[PDB]
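Below you'll find the structure, written out as C-alpha cells, and then a few comments.
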Amino acid sequence: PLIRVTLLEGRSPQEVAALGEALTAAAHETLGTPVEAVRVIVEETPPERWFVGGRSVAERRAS
Amino acid sequence: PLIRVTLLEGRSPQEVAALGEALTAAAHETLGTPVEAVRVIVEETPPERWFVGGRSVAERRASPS
Amino acid sequence: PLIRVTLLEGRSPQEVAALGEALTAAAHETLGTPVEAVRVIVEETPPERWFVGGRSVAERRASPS
Amino acid sequence: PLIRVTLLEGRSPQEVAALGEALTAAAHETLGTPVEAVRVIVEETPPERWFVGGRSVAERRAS
Amino acid sequence: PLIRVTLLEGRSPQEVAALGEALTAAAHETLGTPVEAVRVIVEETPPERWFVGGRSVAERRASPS
Amino acid sequence: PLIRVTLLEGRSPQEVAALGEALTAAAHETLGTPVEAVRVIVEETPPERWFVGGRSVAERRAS
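Chains as they are written, first to last, in the authors' numbering: chain B, 1 to 63; chain A, 1 to 65; chain A', 1 to 65; chain B', 1 to 63; chain A'', 1 to 65; chain B'', 1 to 63. A prime marks a further copy of an entry chain.
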C-alpha cells in the first residue's frame with residue numbers, strides 16, 4: 001500500500017519518524033498488509049504555499 | 001494534513017472505512033492535529049495498472065510459483 | 001503549470017467544464033503563463049473514499065443533524 | 001475541493017499569494033463551494049527537474 | 001522509486017503493459033535501481049477531465065480544423 | 001502524457017537529466033507520443049521522509 005502525507009513544514013524529527021511508524025501500523029492492522037509492504041512518503045509544505053479560504057496558512061496565523 | 005493512499009482494487013468497504021479511521025488516529029496522536037483537520041483520500045488501482053519490476057500485479061499473480 | 005483538482009463525485013459536466021476554464025484564467029492572470037501552457041486534471045472521488053475526522057463523507061452525510 | 005498546482009521555482013511572494021486567492025475564487029464561483037472549503041497547495045519545482053521533450057526547462061532556456 | 005503516469009483514456013492494454021516495462025527499464029539503467037525496486041502506477045483520465053488552454057481534450061478534439 | 005517520478009535525494013545532475021531523457025524515450029517508443037508531448041517532473045525526497053516497514057530509509061541505512 002502506498003501512503004503520501006502532506007503536512008506543514010516545521011515538524012520535529014521525532015514527529016515525522018513517529019508519523020511514519022504509526023501510519024504503517026494503521027495500514028498493517030486494518031488491511032493485514034505486512035509492515036514491509038507499507039510505503040510512506042512525508043511531504044512538507046511551507047505555510048506560505050498552503051491556502052484555506054484563499055489565504056495562506058502563514059497569513060491566517062498572522063491575522 | 002492530507003493523507004492520500006494508493007491501494008490495489010478489491011478491499012472490502014469495511015476495511016477501507018477502518019483504514020480511513022486508523023490513519024486519522026495515527027496522524028492525531030503523533031502530530032497533535034485535531035481529527036477534523038485530517039483528510040484522507042483513498043484511491044484504488046486495478047492490478048493491470050500497478051507495476052513492480054516492470055510487470056503488472058496481474059502478471060505477477062498469474063505466475064507466483 | 002499543472003493544476004490537479006480533487007473533487008467529490010456528482011458535479012455536473014457543465015460545472016466541471018467551467019471550473020477547468022476558470023482555474024486556467026486564474027493561473028493566466030496571476031502568473032502571466034499563456035493559457036495553452038496551463039494544464040488542469042480533474043479527479044472525482046466517491047464519498048465513501050474521502051474522509052474528514054476519520055469518517056467518510058458518505059457517513060458524515062448520513063448523520064448531519 | 002482540493003487543488004494542487006505545480007509550477008516552476010522562482011515565483012514572487014506576490015505571485016504565489018495571488019494564485020492561491022485567484023484559484024480559490026475560481027472554485028467558489030464555478031462550483032458554489034464556500035471559500036473556506038477550498039484548499040490549495042502550491043508546489044514549486046526547480047527547472048532542472050521539469051522536462052519537456054526529454055530536456056529540462058533549464059536546458060531549454062539555455063539552448 | 002515511484003513513477004506515476006497520467007494518460008488519456010483509450011490506450012490499449014498492450015501499450016499500457018509495454019509502457020510499464022519500458023519506464024522501469026529506463027529507471028533501472030539511468031539510476032542503477034534494481035527493477036524490483038521500481039513501482040509504476042498508470043492513471044487514465046477521461047478527455048472531458050483533462051484541460052489545455054482552458055478547454056477539455058474532448059472540446060479541442062471536436063474542433064481541430 | 002504526464003510522468004511524475006519520486007525518488008530519494010542525493011542523485012547527480014547527470015542522473016536526473018538522464019532519467020528525464022530516458023523516461024521520455026520510453027513513453028515515445030511505447031505509446032507513439034511525440035517527445036514534445038511527454039512531460040516529466042522529478043521530485044526528490046529526503047531519506048528521513050521515506051518509510052518502508054515503518055522505518056525511514058535513513059534509519060534502514062544506519063541499522
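Using N, Cα and C, we set each Cβ at its ideal position, and we do this for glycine too.
| said: Between residue 64 of chain A and chain B, is any beta-carbon pair separated by less than 9 Å? | reply: As a first step, residue 64 of chain A is located in the second sequence; it is residue number 64 there, counting from the start. No, residue 64 of chain A does not count as interfacial toward chain B.
Interface flag, residue 36 of chain B' vs chain A', CB-CB below 9 Å: Mapped onto the fourth sequence, residue 36 of chain B' falls at position 36. Not closer than 9 Å to any Cβ of chain A', the Cβ of residue 36 of chain B' fails to qualify, so no.
- Query: Closest to residue 42 of chain B by CA distance: which of B'':45, B'':40 and B'':5 is it?
  - Reply: Locating residue 42 of chain B in the first sequence gives position 42, where the first residue counts as 1. Nearest C-alpha to residue 42 of chain B: B'':45.
**Prompt:** For residue 113 of chain B'', which of helix, strand or coil comes out of DSSP?
**Reply:** The structure shown has nothing for residue 113 of chain B'', since chain B'' only spans 1 to 63.
- Inspect the beta-carbon positions of residue 60 of chain A and residue 53 of chain A and report whether they are closer than 9 Å. The count along the second sequence starts at 1 and reaches residue 60 of chain A at position 60. The count along the second sequence starts at 1 and reaches residue 53 of chain A at position 53. Cβ distance < 9 Å, so residue 60 of chain A and residue 53 of chain A count as in contact.
Closer than 9 Å, CB to CB, is residue 11 of chain A'' near chain B'' or not? Sequence index remark: in the fifth sequence, residue 11 of chain A'' carries index 11 (1-based). For residue 11 of chain A'', the answer is yes, since a Cβ of chain B'' falls inside 9 Å of its Cβ.
key: Interface flag, residue 44 of chain A'' vs chain A', CB-CB below 9 Å   = By 1-based counting over the fifth sequence, the position of residue 44 of chain A'' is 44. No, its Cβ sits nowhere closer than 9 Å to a Cβ of chain A'.
Worksheet item: How would you list, in chain order, the residues of chain A whose beta-carbon sits under 8 Å from the beta-carbon of residue 24 of chain A''?
Response: For the purposes of this step, residue 24 of chain A'' is taken as residue 24 along the fifth sequence, with counting starting at 1. In chain order: 51, 53 and 54.
Report task. Establish whether the CB of residue 40 of chain B' and some CB of chain B are separated by less than 9 Å. Result -> Along the fourth sequence, one-based indexing puts residue 40 of chain B' at 40. Chain B, which has a Cβ nearer than 9 Å to the Cβ of residue 40 of chain B', makes this yes.
*Spatial distance of residue 35 of chain B'' from residue 26 of chain B'' (CA atoms)*: For the purposes of this step, residue 35 of chain B'' is identified with residue 35 of the sixth sequence, where counting begins at 1. For the purposes of this step, residue 26 of chain B'' is identified with residue 26 of the sixth sequence, where counting begins at 1. Going by C-alpha positions, residue 35 of chain B'' is about 10 Å away from residue 26 of chain B''.
- prompt: Mind checking whether residue 1 of chain B'' and residue 7 of chain A'' have CB atoms under 9 Å apart?
  reply: Reading the sixth sequence from its first residue, position 1 is the one you call residue 1 of chain B''. Reading the fifth sequence from its first residue, position 7 is the one you call residue 7 of chain A''. Yes, Cβ-Cβ distance for residue 1 of chain B'' and residue 7 of chain A'' is below 9 Å.
### Task
Determine whether the Cβ of residue 18 of chain A'' lies closer than 9 Å to any Cβ atom of chain B''.
By 1-based counting over the fifth sequence, the position of residue 18 of chain A'' is 18. So, interface residue.
| request: State the DSSP-derived secondary structure class of residue 33 of chain B', mapped to helix, strand or coil. | output: By 1-based counting over the fourth sequence, the position of residue 33 of chain B' is 33. Looking at residue 33 of chain B' - three-state DSSP - the assignment turns out to be coil, as it is neither helix nor strand.
What are the boundary residues of the alpha helix (DSSP H) that includes residue 57 of chain A?
Within the second sequence, residue 57 of chain A is the residue found at index 57, counting from 1. Looking at the DSSP string, the run of the alpha helix (DSSP H) that includes residue 57 of chain A is 57 to 62.
request  = Report buried or exposed for residue 12 of chain B'', applying the criterion of at least 16 other Cβ atoms within 10 angstroms of its Cβ.
outcome  = To locate residue 12 of chain B'', count along the sixth sequence from 1; it is residue 12. So residue 12 of chain B'' ends up on the exposed side.
- Using a Cβ cut-off of 7 Å, pull out every chain B' residue sitting near residue 21 of chain B'', in sequence order please. Counting from 1 along the sixth sequence, the entry for residue 21 of chain B'' is found at position 21. Chain B' residues near residue 21 of chain B'': 54.
### Message
Using only the alpha-carbon positions, how far apart do residue 30 of chain A and residue 19 of chain B sit?
### Response
Taking the first residue of the second sequence as position 1, residue 30 of chain A is located at position 30. Taking the first residue of the first sequence as position 1, residue 19 of chain B is located at position 19. Each residue's alpha carbon lies about 6 Å from the other.
Leaving out five residues before and five after residue 24 of chain B' in sequence, what residues of the same chain have Cβ atoms less than 7 Å from its Cβ?
Residue 24 of chain B' sits at position 24 when you count from the first residue of the fourth sequence. Excluding sequence neighbours, residue 24 of chain B' sits near 35, 38 and 40.
Please list, in chain order, all residues of the same chain as residue 15 of chain B'' whose beta carbon is under 7 Å from its beta carbon, the five residues on each side excluded.
Against the sixth sequence, residue 15 of chain B'' aligns to sequence position 15. None.
| query | Does DSSP classify residue 38 of chain A as helix, strand or coil? | reply | As a first step, residue 38 of chain A must be located in the second sequence, where it is residue number 38. Residue state, collapsed to three classes: coil.
**Prompt:** If the cut is a Cβ gap below 9 Å, which residues of chain A'' does residue 1 of chain B'' touch?
**Reply:** Here residue 1 of chain B'' refers to the residue found at position 1 of the sixth sequence. When 9 Å is used as the limit between beta carbons, residue 1 of chain B'' is near these residues of chain A'': 5, 6, 7, 8 and 19, in chain order.
Cross-chain neighbours of residue 15 of chain B' in chain A', by beta carbon under 8 Å | The residue labelled residue 15 of chain B' in the question sits at position 15 within the fourth sequence. Near residue 15 of chain B' (Cβ distances below 8 Å), the residues of chain A' are 30 and 31.
query: Should residue 49 of chain A' and residue 4 of chain B' be called a contact, given that it needs their Cβ atoms to be closer than 9 Å?
result: On the third sequence, position 49 is the one that residue 49 of chain A' refers to. On the fourth sequence, position 4 is the one that residue 4 of chain B' refers to. Not a contact, by the Cβ cut-off of 9 Å.
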